[PDB]
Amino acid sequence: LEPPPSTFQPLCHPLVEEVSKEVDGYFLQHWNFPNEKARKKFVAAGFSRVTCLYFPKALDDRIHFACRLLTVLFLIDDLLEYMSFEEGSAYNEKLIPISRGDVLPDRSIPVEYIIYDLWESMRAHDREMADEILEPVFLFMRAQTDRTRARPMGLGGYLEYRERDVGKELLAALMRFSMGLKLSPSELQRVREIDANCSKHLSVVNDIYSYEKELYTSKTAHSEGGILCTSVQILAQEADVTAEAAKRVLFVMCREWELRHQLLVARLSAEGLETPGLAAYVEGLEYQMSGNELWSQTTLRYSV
């Protein structure tokens, strides 16, 4: 479908090609793929490409960390579709003390030592900023198997939940880590509304492009893990239109959230509340929204 006009200019990290080869190559060696078709599909998705589109102004020696984290969480996200909520929760909860470093990984299990080595290397580079990503990640991981996915949801309730399932906080903390962007608790508190608005944009844009994939998943995967949980289906139900019609309407709403983002940012400066770090932060949020769109509309993950 044709995207409505956007004033957001998507940016990609300069080292995207080098880092993609580095991180793809890593997972191709360590991760247990079912077959050659899955290995090809993994590379075709371009998980480091979306990361570089998400954080184009990340520091050169930190971008690979973000690519590794997003890549493994992508792989797990698909893995959970074949599990019940109970099995999926146990799977995630196992990785949490390992992510903290409190528990050694079983080195015969790829997901365990990949997660462990990753978080160790991140704390080794920047202990303080790496630690601030932990809880936001665990927040996301626990939302993935929340029983609310099996409950009827309206648009408002969905977006409220999706802020965790889309991993808004983890993306924010990881962006700051990758850019070395440090913010006071006061600064963080100032941009709450901007965060909330950005979350809806990320969520719905993903919903729009990943619908066909998730519809197939709902028909073939686990009854619980593969459950269809998206704004596309919700708006289609609520407004009595096709999923395609819902996509077109939702895309216009996304552009309204872009307009709101700009107004909130301009208001932040007008109220004299904008700091140099905050200016870089809200600009970074814009890159996430536009980077998420560019990748979603081009990745084979959603088109095939």
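Rigid core (definition): largest C-alpha set, two forms, superposition within 1.5 Å. Residue numbers run from 1 along the displayed sequence.
The stretch that moves more in 6 other deposited structures of this protein, judged by CA deviation after a rigid core superposition and choosing between 55-63 and 268-276, is 268-276. Between stretches 206-214 and 72-80, greater average Cα displacement in 6 other deposited structures of this protein relative to the shown form, fitted by the core, falls on 206-214. Of the other entries compared for this protein that flank it with modelled residues, all give atoms for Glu87, so not even a third lack it. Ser108, present in the displayed chain, carries coordinates in each of the other PDB entries compared that cover both sides of it, far from a third leaving it out. Per-stretch averaging of Cα B factors for 127-135 and 197-205 places 127-135 on top.
In this crystal structure, the stretch out of 67-75 and 95-103 whose C-alpha atoms carry the higher mean B factor is 95-103. The entry lists C-alpha B-factors for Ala243, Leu59, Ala279, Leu250, and the highest of these is at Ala279. You'll see in the entry that, of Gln144, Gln233, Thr217, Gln189, the Cα B factor peaks at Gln189. Among the modelled residues of its chain, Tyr54 has a C-alpha B-factor that falls in the lowest third, as given in the PDB entry. In the deposited entry, the Cα temperature factor of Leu183 sits in the top third of values across the chain's modelled residues. Per the deposited record, the Cα B-factor of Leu228 falls in the highest third when ranked against the other modelled residues of its chain.
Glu293: CA B factor lies in the lowest third for its chain, per the PDB record. The PDB entry assigns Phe33 a C-alpha temperature factor belonging to the highest third of its chain's modelled residues.
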